[PDB]
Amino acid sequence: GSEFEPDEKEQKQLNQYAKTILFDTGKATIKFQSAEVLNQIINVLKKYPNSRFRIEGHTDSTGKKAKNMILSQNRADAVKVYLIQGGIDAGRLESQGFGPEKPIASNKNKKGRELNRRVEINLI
């Protein structure tokens, strides 16, 4: 569209979509329920064909950190590969796992850890 990059509201909405991307515990496979929202994310990304995005994988702090790193990276890669197969230019996308390194809430209860478990898709 007429905007090179998504505005702040659009960026927020993008991550609201991305937080609904769910994985089974200890797994990095895209579940089918994520298909629709990923297809919608593809729709949004296609409106900004020259903007670049970092797909981020985040876990809660439970379990060993090194395993969380690998898992979060592999979930981010799974999301990127899906987006690429869905028509997004590969050169536009980076994928990076952060493990438990970037919490947005406390890891001391279920509510906070649920917030910490997320995929983000951030404008670069």
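Numbers for residues come from their place in the sequence shown, where the first is 1.
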Stretch with higher mean Cα temperature factor, 67-75 vs 32-40, is 32-40
Assert higher mean C-alpha B factor (18-26 or 112-120, deposited values) equals 18-26
Per the deposited B-factor column, the C-alpha that peaks among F53, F98, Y48, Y82 belongs to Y48
Quick tally, chain-level thirds of C-alpha B-factors: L93 sits in the lowest
Here the Cα B-factor of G57, set against its chain, lands in the third termed lowest
